[PDB]
There are 6 protein chains.
Amino acid sequence: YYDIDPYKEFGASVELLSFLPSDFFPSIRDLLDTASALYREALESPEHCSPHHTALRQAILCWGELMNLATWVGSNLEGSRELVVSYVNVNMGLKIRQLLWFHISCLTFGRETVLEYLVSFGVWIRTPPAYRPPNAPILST
Amino acid sequence: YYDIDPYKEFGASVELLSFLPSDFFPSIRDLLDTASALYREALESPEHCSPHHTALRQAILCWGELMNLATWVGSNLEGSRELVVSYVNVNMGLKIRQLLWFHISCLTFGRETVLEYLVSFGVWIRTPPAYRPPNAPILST
Amino acid sequence: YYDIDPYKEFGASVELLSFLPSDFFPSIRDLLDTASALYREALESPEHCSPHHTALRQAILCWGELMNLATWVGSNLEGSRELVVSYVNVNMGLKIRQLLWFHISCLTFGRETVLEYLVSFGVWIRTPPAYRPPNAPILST
Amino acid sequence: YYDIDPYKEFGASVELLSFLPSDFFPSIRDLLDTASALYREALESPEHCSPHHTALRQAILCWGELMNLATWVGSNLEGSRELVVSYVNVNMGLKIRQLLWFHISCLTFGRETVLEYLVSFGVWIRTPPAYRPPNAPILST
Amino acid sequence: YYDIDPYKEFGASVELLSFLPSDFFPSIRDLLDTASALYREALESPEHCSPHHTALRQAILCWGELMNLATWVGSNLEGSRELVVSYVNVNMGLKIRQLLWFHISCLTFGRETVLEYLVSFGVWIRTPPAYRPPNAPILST
Amino acid sequence: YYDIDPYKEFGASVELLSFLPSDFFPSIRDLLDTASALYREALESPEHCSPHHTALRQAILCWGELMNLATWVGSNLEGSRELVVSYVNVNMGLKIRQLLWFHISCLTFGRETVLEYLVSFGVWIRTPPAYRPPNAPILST
C-alpha cells in the first residue's frame, strides 16, 4: 500500500516523535496498568469524547491479537517459543508503546502541553553533551 | 484487561455483528481498493471528523504490520512460508475485515441506516429456507 | 376454566395466528439468542413499559422449568431420555415459540405494523401456486 | 440460560417472598376458583390495565399445559400415573401458587398494602417462638 | 503530458468507473442509435448547455476518424483487413464506449443520480455470490 | 456471595490503591500511634457525619478482634504460635494498613489533596529512572 500518519490529526508527525530515544518509553506492562488504573471507567461508558479513547481501544485490541498469536505459535508449531516473542516487541512492540505514551500523556497533562515538551526534548538531545545540561527537561503541570 | 468491545461508542455490540456469517464479509483487497478509491483524500487532510477515519488508519497500520511480519517469517526462518500466512487471515485477519466493513459502510450509507441492515439480515437468516425470501438481502442508498 | 386467549389485549386472536404454518416459526435457540442480543438490558432495568417484557419473562420461565423437568425425567426414571424431550417441543414447545415470535417482532417492528404482515401472509398462502408470487413474504423496517 | 426475576417490576423479589413457608399458600384449586369468581369478566374484556391480568393469563395457560402433559403421560406411556403428578406440584406447582397469590392479593387489597404485610411476616417468623406472639399478623383492609 | 482524466469536472475519477466490468458496457451501435434517437436535434441547435454535448461531439468524431483509418488500412496495404479492426475496438474502442455511456446516461437520468448507481454497483459486485442479490442491478428514472 | 469495596463512597476505587507498591505503607504500630495521637478526643466523642471517624473505629475494632483471635489460637491448639500471626499480617493485615493510611491522610491534608498524590506517585514509579525527577514526591501541605 502506501504511507499514513496517525498523529497528523492530533498535531504531530511520526518522525517528530522519532527524536525520543528507543529506551525512553516505559514498559508496556506499566502503560497498560496506568491505562487501567484511572481510565477503566471511562472506556466502559463511552460518550462523545476525544479519539484518544478509541485509539487506546484499538491499540489494546491489536496488541492482545499479538499475545494470542504468540501463545498460538508457542503452542503448536516448531527459537520456537521466544524468537517470535523477542522479535515482535523490538521492531513493532515499540509502536504500541509510542501510541499509549502519547495518548495517556495527552489526556492527563493536556493537549498542547505535550508539544512544547517534545520540541524542548529535541533541542536538548541534538546539542553535544559538552554543552547541554546533565538533566533532561522532564515534564509536569 | 482483555474484555473491550470497539463498536459500543457507535451503537452496536460484538454479538450484534455475530448475526452475519463469517464468509459474508468481502475480501481485504476489495475493501482496500474501495477505501483508496472514494476516501483517499479524506485520510490525507484530516480535520475534526468522526473517529471512523482514525479507526481506518489504525486498522490499515495493524494490517500492514502483520504483512511485514508474515514476509519476515516466510523469508527468514524454518510451513515456513505458507502456514503462517494461511493462519493470520483466517484467525485474526477476519477482525480487520469486520472493522473496515463496518466503518466504510457507515461512512457512505450513514450511521443510522447501517443499523437496520443488521437486524434485517438477522431475521432473514433465522427463518427456515421453506419460507425464506429467495436471495434478496442488500444495502443501497 | 380453560378457554383463555392471550393475544386479545394486543389486537389479535389465536385463529388469526393460525394462518401461519407450523414450521414457519424459527427455532427456540435463535429466538433466545436474539432476545439476549438486543433486549437483555431491558429485562434487567424494568420501568413502566408494555406487557411484552412481562410476557417474555414468564415465557422464559415456563420454558426453563420444562427444561429442568426434562432433565429430571431423563436422569431419574425409566424412551427414558429421548421420548419426553421429543414430545415437549412438538406438543407444547410450539406455544412458547409463538409467544416469543409475536412479542419480539412486535417490540422491534412495532405494534401496528406486525398486524398487516399477518393478513398479507394469509392471502399469500391461500392463493394457488399457479399464480402465487414466487417466494417473497418477509418483514422489514 | 441465566436468571430473571418477575417481581422486580412490581416492587419485590423472588427471595423477599421466600420468607413465607411452603404450606402457607392456599390450594391451587381454591386460587383458580377465586380468580374465576370475581375476575372472570375482567379477563374477557381487556382494556389497558395492570400487567396482573396478563400474568394471570400466562400462569393459567402454562398450568393447563401441565395438566395436558400429565394426562398424556398417564394416557400412553409406562409411578406411571401419579409419580409425575406428585412431582410437578411439589417442586414447581408451588411457583404457580406464588404467582396467583401475589397477583390476586395485590388486586383486591391494593398494590402497596401487600408489601408491609410481607415485611411484618418476615420479622414475625425470624424471632424465636419464645418471644413472638402466638398469632400471625393476618392481613386485611 | 499524458496523465489527464476527463471525468473530474463532472464528479468522478477513472478508477471510480473501474468498478464496472469491461463487458458490462453496451455495444457502440446501440449507443449511436440511442443518441441519434432522443438527442439528434440537441446536437444540431447548440445553445449554452452542459459540456456533455461537446464531449459527445468529439467522441463521435474521434470514432469516425478511426473508422476511416480502418477502412484505409483494410483497403490499401498488407491480417490486412481484420487484424487492425479487431484491435481498435478491444484496445481503444472501449474508451469511446465509456465516454458515451457516461454522458448519455448523465443527460437523461441526471448528473446527481448516476453517481449512486456507480457505488451501488460497486457493493453489488464485491459481495460473495453466496449472499449476492440475484441479478438485480439496474438504472431507472 | 457479597463483593463490595469500602472506597467508592469517598471517590476512590480499590484498584487505585493497588497501583502503589505494598511496602510503601507504614507499619501497623505507627499508624495506630498517630491515630491515637491526633484523634483520641475525636474517636471517643461522637461528631456529626464525618464517615472517616466511623470507618476508623470499625477498622480498629476489627483489628482488635483479629489480635484477640491470634492470642486465643497461639496458646490453645497445636507453628502453633508464629505461623498464624505470620499469616495474618501478610494476608489481611495489608488491607488494614491501607484503611488506616487512606483515612488518616484524608483527615489531615484533606480528601481532594490525597488523590493527585496517588496518580503522581503512580506515574513517577512507572517512568524510567534515568528520566524521572531525582526526588520522590511526598505528601505535605
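- The deposited coordinates for this entry were obtained by cryo-EM, with a reported resolution of 3.6 Å.

## Structural notes on the overall build of chain A
Move 1: Scanning chain A for helices and strands turns up four helices and zero strands.
Move 2: Order of helices (α) and strands (β) in chain A, N terminus to C terminus: α-α-α-α.
Move 3: For chain A, the spread of C-alpha atoms along the three principal axes comes to 55 × 45 × 35 Å.
Move 4: Scored against the burial criterion, the 141 residues of chain A give a buried share of 45%.
Move 5: Put simply, chain A shows about 7,600 Å² of open surface, and 59% of that area lies on carbon and sulfur atoms.
Move 6: Averaging the positions of the 10 positive and the 15 negative side-chain charges in chain A gives two centres separated by 3 Å.

## Here we look at the state of the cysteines
Move 1: The tally for this structure, following the rule as stated, stands at two disulfides over all chains.
Move 2: Two residues, C:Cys62 and D:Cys62, share a disulfide whose sulfurs are 2.0 Å apart. Note on the C:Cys62 and D:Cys62 pair: the S-S dihedral is about 95°, so by sign convention the disulfide is right-handed. A residue pair is termed interchain when its members come from two chains, as with C:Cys62 in helix α3 (residues 52-76) and D:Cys62 in helix α2 (residues 51-75). Here the two residues C:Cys62 and D:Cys62 agree in accessibility, since each one is buried.
Move 3: The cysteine D:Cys106 is free of any disulfide, with D:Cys49 supplying the nearest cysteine sulfur at 13 Å.
Move 4: What makes D:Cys106 buried here is its relative accessible area of 7%.

## Structural notes on helix α3 (residues 83-109) of chain A
Residue and element names in this part refer to chain A.
Move 1: The terminal C-alpha atoms of α3 lie 38 Å apart, and with 27 residues this matches the ideal 39 Å at 1.5 Å per residue to within 8%.
Move 2: The axis of α3 is deflected most strongly, by about 55°, at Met92.
Move 3: Among the residues trailing α3, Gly110 stands out with phi positive, at a value near 100°.

## Topic: the relation of the copies chain B and chain A
Move 1: For the pair chain B and chain A, the relating rotation is 179°, the translation along its axis is 0.1 Å, and the fit reaches an RMSD of 0.7 Å. A rotation of that kind, with that shift, is consistent with a two-fold axis. Taking the C-alpha atom as reference, chain B places B:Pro51 closest to the rotation axis, 2.9 Å from it.

## Section: the interface of chain A and chain F
Move 1: On the side of chain F, seven residues touch chain A, which itself brings 16 residues to the contact.
Move 2: Taking both sides of the interface into account, the surface hidden between chain A and chain F amounts to around 1,000 Å²; carbon and sulfur atoms contribute 70%.
Move 3: The three residues of chain A that bury the most area against chain F are A:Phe24, A:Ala37 and A:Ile138, which together make up 39% of that side's buried surface.
Move 4: One can count one salt bridge joining chain A with chain F.
Move 5: Of the charged contacts, one joins A:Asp30 and F:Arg126 as a salt bridge, the two residues approaching to 2.7 Å between their closest N and O atoms.
Move 6: At the surface where chain A touches chain F, the tally comes to two residue pairs in polar contact.
Move 7: Top element by residues in the side of chain A that touches chain F is helix α1 (residues 28-44) of chain A. It accounts for eight residues.
Move 8: In the side of chain A that touches chain F, the residues fall into ten nonpolar, two polar and four charged.

## Digging into the side chain of D:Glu65
Move 1: Secondary-structure assignment places D:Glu65 in helix α2.
Move 2: Of the side chains with opposite charge, C:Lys95 lies nearest to the buried D:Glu65, which makes no salt bridge, at 6.0 Å.
Move 3: Ignoring anything within four residues of it in the chain, the contact list for D:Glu65 reads C:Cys62, C:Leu66, C:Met92 and C:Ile96.

## A look at the packing of aromatic side chains
Move 1: This model, assessed by the stated rule, comprises 67 aromatic pairs over all chains.
Move 2: With centroids separated by 6.0 Å and ring planes inclined at 65°, the aromatic side chains of E:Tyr117 and E:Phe121 adopt a geometry described as edge-to-face. Of the two residues, E:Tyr117 and E:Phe121 are both situated in helix α5 (residues 113-126); the distance of four residues between them amounts to about one turn of the helix. E:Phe121 shares its class with E:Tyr117; the two are buried.
Move 3: Linked through ring pairs, A:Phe24, A:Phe25, A:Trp101, A:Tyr117, A:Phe121, A:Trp124 and F:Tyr131 together constitute an aromatic cluster.
Move 4: E:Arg132 extends its terminal NZ or CZ atom over the ring of E:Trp124, reaching a point 4.6 Å from the ring centre.

## Observations concerning the relation of the copies chain A and chain F
Move 1: Of the two same-sequence chains, chain A is brought onto chain F (RMSD 1.0 Å, axial shift 0.5 Å) by a rotation of 58°. In symmetry terms, the pair is related by a six-fold rotation axis.

## Concerning the arrangement of the chains
Move 1: There is a clear gap between chain B and chain D: no contact, and 16 Å between their nearest C-alpha atoms.
Move 2: One thing to see here is that chain D and chain E don't touch, and their nearest C-alpha atoms sit 32 Å from each other.

## Focus: a nonpolar patch on the surface
Move 1: On the surface, E:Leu69, E:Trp72 and E:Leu77 cluster together to form a nonpolar patch covering roughly 300 Å² of accessible area.
Move 2: Within the secondary structure layout, E:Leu77 lies in the loop between α3 (52-76) and α4 (82-109).

## Examining the environment of E:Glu9
Move 1: By the secondary structure assignment, E:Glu9 is in the segment before α1 (28-38).
Move 2: Residues E:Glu9 and E:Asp33, spaced 24 residues apart in sequence, show a C-alpha to C-alpha distance of 27 Å.

## Quick look at the interface of chain B and chain A
Move 1: Across the boundary between the two partners, chain B contributes 32 residues, which contact 32 residues of chain A.
Move 2: Between chain B and chain A, roughly 3,500 Å² of surface is buried when both sides are summed, and carbon and sulfur atoms account for 67% of that area.
Move 3: In this structure, the connection of chain B to chain A is made through two salt bridges.
Move 4: Residue B:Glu9 pairs with A:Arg57 through a salt bridge whose shortest N-O separation is 3.0 Å.
Move 5: On inspection of chain B and its partner chain A, the count reaches two residue pairs in polar contact.

## Digging into the nonpolar core
Move 1: Within the largest apolar cluster, 26 residues are counted, with the highest numbers of intra-cluster contacts made by F:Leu100, F:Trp101 and F:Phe102.
Move 2: Those elements giving two or more residues to this core turn out to be α1 (14-18), α2 (28-44), α3 (51-74), α4 (83-109) and α5 (113-126) of chain F.
Move 3: Those residues in contact with F:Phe102, other than ones at most four positions away along the chain, are F:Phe10, F:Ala12 and F:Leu17.
Move 4: Judged by nonpolar contacts, the second largest core, of 24 residues, contains C:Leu66, C:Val73, C:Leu77 and D:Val73.

## Some details on α2(F)
All names here are of chain F.
Move 1: Its 17 residues place the ends of α2 only 21 Å apart at the C-alpha level, less than the 24 Å of an ideal helix rising 1.5 Å per residue.
Move 2: Considering bend angle alone, the principal kink of α2 is centred on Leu38 and spans about 70°.
Move 3: Taken together, the buried positions of α2 are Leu31, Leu32, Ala35, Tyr39, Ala42 and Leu43.

## Details of the packing of α3(E) against α4(E)
All names here are of chain E.
Move 1: It is at 10 Å that the axes of α3 and α4 come closest, and there the two elements cross at 165°. The angle between α3 and α4 falls in the class roughly antiparallel. Along this stretch, α3 crosses α4, giving a crossing that reads as left-handed. Judged by residue contacts, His52, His53, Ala55, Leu56, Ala59, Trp63, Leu66 and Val73 of α3 engage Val84, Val88, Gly93, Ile96, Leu100, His103, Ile104, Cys106 and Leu107 from α4.
Move 2: A per-class count over the contact of α3 with α4 returns 13 nonpolar, four polar and no charged.

## Quick notes on the environment of D:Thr127
Residue and element names in this part refer to chain D.
Move 1: Examined against the element boundaries, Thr127 turns out to sit in the segment after α4 (113-126).
Move 2: Separated by 21 residues in the primary sequence, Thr127 and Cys106 have C-alpha atoms spaced 27 Å apart.
Move 3: A polar contact is formed between the side chain of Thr127 and the backbone oxygen of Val123, at a distance of 3.4 Å.

What counts and what doesn't
- Sequence order sets the numbers: each chain starts from 1, possibly unlike the entry numbering, and residues with no coordinates are not included.
- Each chain gets a letter, beginning with A, and each ligand a number, beginning with 1, in the order they are written.
- Here we see some chains out of a larger assembly; the values all refer to those chains and nothing more.
- The basis for every side-chain value is the complete set of non-hydrogen atoms in the structure, without hydrogens or water.
- Strands here mean DSSP runs of E at least two residues long; helices mean DSSP runs of H or I at least four residues long; both are numbered from the N terminus.
- Each residue's exposure class comes from its accessible area (1.4 Å probe, protein chains only) as a fraction of the maximum for that residue type: buried when under 20%, exposed when over 50%, partly exposed otherwise.
- Here the Shrake-Rupley method, with its probe set to 1.4 Å, supplies the accessible areas, and only the displayed protein chains count as covering residues.
- When charges are counted, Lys and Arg contribute as positive and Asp and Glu as negative, whereas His and the chain ends are disregarded.
- By convention, the charge on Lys lies at NZ, on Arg at CZ, on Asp at CG and on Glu at CD.
- Disulfides are defined as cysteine sulfur pairs within 2.5 Å.
- The length a helix should cover is 1.5 Å for every residue beyond the first.
- One fitted axis covers the seven residues ending at a residue, a second covers the seven starting there, and the bend at that residue is the angle between these axes.
- Copies are aligned to one another through a least-squares fit of their C-alpha atoms.
- The contact criterion used is simple: two residues touch if any of their non-hydrogen atoms lie within 4.5 Å.
- The term buried area means the drop in 1.4 Å probe accessible area that two parts suffer when joined, counted for both and summed.
- The salt bridge criterion pairs a side-chain nitrogen of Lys or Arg with a carboxyl oxygen of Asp or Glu, the two atoms within 4 Å.
- Under the rule applied, a polar contact is a pair of N or O atoms within 3.5 Å (in protein, one hydrogen donor and one hydrogen acceptor; residues adjacent in sequence only if both atoms are side-chain atoms).
- Three classes are used, and their members are as follows: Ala, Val, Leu, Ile, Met, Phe, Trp, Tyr, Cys and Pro are nonpolar, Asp, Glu, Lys and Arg are charged, and the others, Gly among them, are polar.
- Each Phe, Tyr or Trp ring, with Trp reduced to its six-membered ring, pairs with another whose centre is within 6.5 Å; inter-plane angles below 30 degrees give stacked pairs, above 60 give edge-to-face pairs, and intermediate values give tilted ones.
- Here, a charge over a ring is recorded when the distance from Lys NZ or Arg CZ to the ring centre is within 6 Å and its angle to the ring normal is within 35 degrees.
- Note on patches: the residues involved have over 30% relative accessible area and no salt bridge, like charges join within 9 Å, and the nonpolar side chains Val, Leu, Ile, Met, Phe, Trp and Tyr join within 5 Å.
- For the purposes of this section, nonpolar cores are sets of buried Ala, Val, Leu, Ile, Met, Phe, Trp, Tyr and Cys residues that join through side-chain atoms within 4.5 Å.
- Geometry is summarised by axes, namely lines fitted to C-alpha atoms with helices restricted to the contacting stretch, and by angles between N-to-C directions that run from 0 to 180 degrees.
- Any angle that falls under 35 degrees is termed roughly parallel, while one over 145 is termed roughly antiparallel, one within 65 to 115 roughly perpendicular, and all others oblique.
- Helix crossings are classified by the rotation of the near helix relative to the far one: an anticlockwise turn of less than a right angle makes the crossing left-handed, while a clockwise turn makes it right-handed.

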